[PDB]
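Asks: My questions will all concern the structure given below.
Nothing in this text is a laboratory measurement; each read-out follows from the coordinates by a stated rule. All Cβ positions, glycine included, derive from the backbone under ideal geometry; neighbour counts span all protein chains shown.
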Amino acid sequence: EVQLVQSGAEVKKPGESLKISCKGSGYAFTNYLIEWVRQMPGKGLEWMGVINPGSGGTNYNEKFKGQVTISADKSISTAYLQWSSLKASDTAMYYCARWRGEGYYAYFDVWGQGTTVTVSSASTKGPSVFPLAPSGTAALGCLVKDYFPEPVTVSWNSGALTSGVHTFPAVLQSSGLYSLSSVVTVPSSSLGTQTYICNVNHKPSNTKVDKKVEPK
Amino acid sequence: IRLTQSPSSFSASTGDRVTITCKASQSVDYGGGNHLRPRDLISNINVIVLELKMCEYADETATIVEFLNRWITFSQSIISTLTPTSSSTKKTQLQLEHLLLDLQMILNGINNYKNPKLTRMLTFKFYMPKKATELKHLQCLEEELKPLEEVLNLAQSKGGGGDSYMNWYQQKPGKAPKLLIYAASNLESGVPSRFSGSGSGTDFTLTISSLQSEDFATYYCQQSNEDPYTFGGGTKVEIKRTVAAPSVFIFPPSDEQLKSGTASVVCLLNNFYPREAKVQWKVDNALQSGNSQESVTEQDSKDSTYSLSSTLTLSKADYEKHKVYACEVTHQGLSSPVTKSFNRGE
């Protein structure tokens, strides 16, 4: 029944302020210490600091001291992680965790689901969708390029075509914009019968593209 | 404290025994030998205070170290001036000594750099007396004994055997870490009995007796001995399968894209194992560098294969300067590097 619920994904620009939240339920919030842990892509986990919700007492990793503030609001069972001025180096997944410290214990038993923070100067941009035309199994696809921020959703024939689909993770180009490909392998002889359409949705820009992929 | 995990990644089969290691840069163990019993220590102080004594508290609260230190300064202050001239003035001096020794023993018990709990014990707030110059002011100490016991429960230690301040977590893609083992060897409630941990000082280990489908994930070790808490780099347990060569496909840029002044050329490596694959772009047999990006899927849930896309990006002009576009694929499953080509003019 014990849970920690974190606020949604954040997309911010360098120098912007941000406050993210961690709400406890199923236990007495005031009695257990809440800690913040960050995880960067490829890299592991780093400890950031701790709040004692009962006192407002805090401690910070010297690495983040002066860059972040941890606070809590006892009355609403919520802990916060706040930045006055975000940096590119703040792009990460952030977790809040409940600390168990009785006797010899010193561990994190309950974790929040995570909050992603993306720091970029890029502005919302919808993707350009290009076909990857097929030349006994044929491969065909769609190139979903130059969009920001993540995510984009890609389906085939309004989701009805799932078997053999691979929608690759997005790659962040040097432009600051993302790009990905979604491919599907189909019976060779279906190319002259079945219509193949990739359905691309990018909610931030309200892009809804239905790109027909024709053999060529 | 730096935590090193080995291996960083490895392939294993279901039904296999798995042992992953964690090496600490310095010992994560504390305690042992000759104790911190919050019940006994507090019960003794409470008895003495009732023998010696609305409290006027100060506006500014204090940490546990500042709180204990103030009551020691108070105890030493009375002793310095109290001249025994009767049986009652000798008994109060002796009780003042018993209180001073009990406060000093709680203080030295928690206030030292080694104590892994010190910084977290210091987040707690204690109420201070506005004035502490007479025996009556001990009522201020008595009222703050219950929060004192709650803080001492964090540094509770009974027994000569040492404790290892080291934990193991399991993390699956996109999901939060999940505690498996705490304090080197204790299995978390609900964790299958196939998981175990052992170790001491700097060397720790995590064992899975017979690997199951749900066990493929990344495992992290974590130390709790010194601030800041640190984690190991993780060990990713990958599913082993038979070698599978990729099905390679090449895609020329669309006319739509070319019309806009850019040419993205895509090479696809489909359903291969192991993950290790080298993709090289050749344009008229000349090796391309720094104009390509790769992306790889996670291991397939049923097939246990990977797929990879490689994208070569060129301007329309650079693209039209050449004829043959090739992607040369090197993989364990392939006896020789497989090339997939096209000529710019269909």
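Asks: Taking the Cα-to-Cβ direction at B:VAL65 and at A:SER85 and moving 7 Å from each Cα, how far apart do the two end points lie in nm?
Replies: In this crude spin-label approximation the distance works out to 3.1 nm.
Asks: List the GluC sites (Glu not before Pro) within segment B:64-173 that DSSP assigns to loop and that have no more than 11 neighbouring Cβ atoms inside 10 Å.
Replies: In loop regions of segment B:64-173 (DSSP not H, G, I, E or B), the sparsely surrounded GluC sites (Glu not before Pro) are B:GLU134.
Asks: Let me ask something else about it. With r defined as the distance between the Cβ atoms of A:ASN206 and A:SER121 and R0 fixed at 22 Å, what FRET efficiency is calculated, to the nearest 0.05?
Replies: The computed FRET efficiency comes out at 0.50.
Asks: For B:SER43, put the label point 7 Å out on the Cα→Cβ axis and report which residues of segment B:90-129 keep their amide N under 20 Å from it.
Replies: B:98-107
Asks: Using the count of nearby Cβ atoms within 10 Å as a rough guide to exposure, how do B:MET105, B:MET121, B:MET54, A:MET48 rank from fewest to most? Numbers along the way, then the final one.
Replies: Numbers: B:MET105 12, B:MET121 21, B:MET54 4, A:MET48 24.
Neighbour counts put them in this order, fewest first: B:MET54, B:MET105, B:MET121, A:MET48.
Asks: Same structure again: Give, in nm to one decimal, the length gained when the segment between B:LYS316 and B:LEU334 is fully stretched (0.36 nm per residue of separation minus the Cα-Cα distance).
Replies: 3.2 nm
Asks: Cross-link partners among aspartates and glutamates for B:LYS240, C-alpha distance below 20 Å, same-chain residues fewer than 8 apart left out?
Replies: The qualifying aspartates and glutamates are B:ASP16, B:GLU214, B:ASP215, B:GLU276, B:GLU298, B:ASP300, B:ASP303.
Asks: Give me A:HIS166, B:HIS35 sorted ascending by neighbouring Cβ count inside 10 Å, so fewest comes first.
Replies: Listed from fewest to most nearby Cβ atoms, that is B:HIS35, A:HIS166.
Asks: Excluding residues fewer than 8 places away in the same chain, name every one of the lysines whose C-alpha is closer than 20 Å to that of A:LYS43.
Replies: Excluding near neighbours in sequence, the set is A:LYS63, A:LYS87, B:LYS23, B:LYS172, B:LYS175, B:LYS178, B:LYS236.
Asks: Enumerate the amide H contacts of B:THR305 below 5 Å, restricted to partners 5 or more residues apart or on another chain; note that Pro and chain-start residues carry no placed amide H.
Replies: B:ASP300
Asks: Go ahead and collect, in residue order, the members of segment A:144-171 whose backbone nitrogen is under 19 Å from a label point 7 Å along the Cα-Cβ direction of A:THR193.
Replies: A:157-158, A:160-165
Asks: Can you give the FRET efficiency for B:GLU256 and A:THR58, using 1/(1 + (r/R0)^6), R0 = 45 Å, r = Cβ-Cβ distance, to the nearest 0.05?
Replies: The calculated FRET efficiency here is 0.25.
Asks: Further, regarding this structure: Mind checking which of B:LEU334, B:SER254, B:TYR319 is farthest towards the positive end of segment B:247-343's charge dipole, using Cβ charges of +1 (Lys, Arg) and -1 (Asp, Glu) about the Cα centre?
Replies: Comparing the listed Cα positions along the dipole, B:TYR319 ranks first.
Asks: Cut-off under 17 Å on the C-alpha distance; same-chain residues fewer than 8 positions from A:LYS74 excluded. Which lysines are left, in chain and number order?
Replies: Straight-distance partners of A:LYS74: A:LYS19, A:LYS23, B:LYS125.
Asks: Please list, by residue number, everything in segment B:103-131 whose backbone N is under 19 Å from a paramagnetic label point 7 Å out along Cα→Cβ of B:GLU143.
Replies: B:125-131
Asks: Round to the nearest 0.05 the FRET efficiency obtained for A:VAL11 and B:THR133 when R0 = 45 Å and r is the Cβ-Cβ distance.
Replies: About 0.15, to the nearest 0.05.
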